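Structural description and commentary
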Amino acid sequence: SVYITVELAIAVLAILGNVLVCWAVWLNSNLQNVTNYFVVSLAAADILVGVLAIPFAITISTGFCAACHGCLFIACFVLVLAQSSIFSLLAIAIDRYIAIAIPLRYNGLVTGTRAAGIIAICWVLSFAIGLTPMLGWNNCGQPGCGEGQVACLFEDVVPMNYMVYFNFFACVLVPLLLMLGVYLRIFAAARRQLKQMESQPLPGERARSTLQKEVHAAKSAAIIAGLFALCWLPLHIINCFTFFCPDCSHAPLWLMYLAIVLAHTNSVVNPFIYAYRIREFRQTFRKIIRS
Ligand SMILES: Cc1cc(-c2nnc(N)nc2-c2ccccc2)cc(C)n1
């Protein structure tokens, strides 16, 4: 009853943290920028982890008996939240890049309306992908609970070929390679800006200060996505071993737990990274708690 205790502890924080982040945004209009529209998507997405994903994860750990639909949803629901975060993280990276690369067209292209539109699409795509095993790509009854109901065990009811090729390599690895690629251009060009402003016949500390702050946001964004791959790779890394190497010692249950748990942890690091990285955020939360 320790994995249960720890998982619960996480659930509370995930809820409190991101809910706080959502509230802070709702109160402080200085945080209601087009950029943070995606941050809320991250909040809602990661809140539901402690809300549902964690509850389900803890449940499916022991396994139960239910129909294929009901069993798949519970097993693949986590994929939706994890996939939605991908789009959010990617969008943010794009956003932070757009501003630095094209500050003038930033306001013309980055619209508070398009933000809401993209977010919606990301979620729709997240469900399609995250719940693709429900489209038929599953192992429900592949060579107890009785007819109709199936032993709901993640590894037994969810195809590995999907979790490796379609899910990881494509829906996770590729984006992370795109995101990382984006930040590459972000900082490379950002420092170029400073060099051009380094050879300017005028002070113009307004441009520098702004640029540095834009970079500070882009850097924070990088740290947010960085912690994502860092908390999910081990899990996929484990599965990559199990699949590509049937011979390779199948990951122990205890080690699998840790890797599984680490993924749930990511939802929590955000609220604290905002309070730490963003001086505007910390002061907002400080207000809420006190009052
Ligand atoms: C309930 C649950 C199950 C698993 C999980 N379990 N077994 C295998 N073989 N793969 C994954 C897995 C790996 C990468 C991405 C998503 C799931 C992970 C988490 C965090 N929660």
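As stated in the entry header, the method of structure determination is X-ray crystallography and the reported resolution is 3.273 Å.

Per the PDB entry, the protein goes by Adenosine receptor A2a and derives from Homo sapiens. According to the UniProt record, the Subunit (literature references left out) comment for the protein is "Interacts (via cytoplasmic C-terminal domain) with USP4; the interaction is direct. May interact with DRD4. Interacts with NECAB2. Interacts (via cytoplasmic C-terminal domain) with GAS2L2; interaction enhances receptor-mediated adenylyl cyclase activity (By similarity)." Recorded in UniProt under Subcellular location, the annotation for the protein is "Cell membrane".

**Remarks on the nonpolar core**
Residues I100, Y183, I186, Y274 and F281 are the most contacted members of the largest nonpolar core, which totals 83 residues. Here the element with the most residues in this core is helix α3 (residues 68-101); it accounts for 17 residues. Not counting chain neighbours up to four residues away, the residues in contact with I186 comprise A93, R96, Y97, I100 and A218.

**A closer look at the site of the ligand**
Taken together, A57, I60, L79, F154, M163, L235, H236, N239, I260, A263 and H264 form the complete shell of residues around the ligand. About the coverage of the ligand: the protein hides 92% of its 470 Å² of free accessible area. Because more than half of its atoms lie within 2 Å of the grid, the ligand is assigned to the largest pocket. Listing elements by their share of the shell around the ligand, those giving two or more residues are α2 (36-62), α8 (205-244) and α9 (253-277). Its residues assigned to classes, the shell around the ligand shows 8 nonpolar, 3 polar and no charged.

**Here we look at helix α1 (residues 2-27)**
Compared with the 38 Å implied by 1.5 Å per residue over 26 residues, the 37 Å span of α1 between its first and last C-alpha is a close match. What α1 keeps buried is the set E7, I10, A11, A14, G17, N18, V21, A24 and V25. At its buried positions, α1 is contacted by α2, α9 and α10 (279-290).

**Concerning empty space enclosed by the protein**
Quantified by volume, the largest cavity comes out at close to 100 Å³. Taken together, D46, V49, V78, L81, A82, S85, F228, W232, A263, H264, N266 and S267 form the lining of the largest cavity. When residues of the lining of the largest cavity are traced back to their parent elements, those giving at least two are α2, α3, α8 and α9. Here the lining of the largest cavity is composed, by residue class, of 7 nonpolar, 4 polar and 1 charged. The computed volume of the second largest cavity comes to approximately 30 Å³. Contributing to the lining of the second largest cavity are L42, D46, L89, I224, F228, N266 and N270.

**Thoughts on the packing of α3 against helix α5 (residues 112-130)**
Orientation of α3 relative to α5, taken along the N-to-C sense of each, is 140°, at an axis distance of 8 Å. By the angle between their axes, α3 is oblique relative to α5. Crossing of α3 over α5 shows right-handed handedness. Contacts between α3 and α5 pair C76, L79, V80, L81, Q83, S84 and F87 from the former with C122, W123, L125, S126, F127, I129 and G130 from the latter. Considering only residue class, the contact of α3 with α5 consists of 10 nonpolar, 4 polar and no charged.

**Some remarks on the state of the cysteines**
If you walk through the whole model with that rule in mind, you get 4 disulfides. Across the disulfide, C65 is cross-linked to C145 (sulfur-sulfur distance 2.0 Å). Between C65 and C145 the disulfide shows an S-S torsion of about -50°. By sign, it is left-handed. One disulfide in the model links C245 with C248; its S-S distance is 2.0 Å. With the S-S bond torsion at 70°, the cross-link from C245 to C248 turns out right-handed. Assessed through its relative accessible area of 22%, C245 is described here as partly exposed. Here the bonded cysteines of the protein are numbered in sequence order, and their pairing is 1-5, 2-4, 3-6, 7-8. With no disulfide of its own, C76 lies closest to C71 among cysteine sulfurs, the gap being 8.5 Å.

Parameters and conventions
Residues numbered from 1 in each chain as written, not as in the entry; some residues may be left out. Heavy atoms only, no water. UniProt positions renumbered as here; feature names shortened; annotations may be inferred. Core = buried A, V, L, I, M, F, W, Y, C linked by side-chain atoms within 4.5 Å. Buried < 20%, exposed > 50% of the residue type's maximum accessible area, 1.4 Å probe, protein only. Helix = DSSP H or I, 4+ residues; strand = E, 2+ residues; numbered from the N terminus. Contact = heavy atoms within 4.5 Å. Near = heavy atom within 4 Å. Areas by Shrake-Rupley, 256 points an atom, 1.4 Å probe, with all protein chains shown as cover. 1 Å grid on protein atoms, 1.4 Å probe; cavity = no way out; pocket = protein on both sides within 12 Å on 5 of 7 lines; lining within 4 Å. Sits in = over half its atoms within 2 Å of the grid points. Nonpolar A, V, L, I, M, F, W, Y, C, P; charged D, E, K, R; others polar. Expected span 1.5 Å × (residues − 1). Points joined across faces, edges and corners; volume = space filled by probe spheres on them. Axes fitted to C-alpha atoms, helices over the stretch in contact; angles between N-to-C directions. Parallel < 35°, antiparallel > 145°, perpendicular 65-115°, else oblique. Left-handed = near helix turned anticlockwise from the far one by under 90°. Disulfide = S-S within 2.5 Å.

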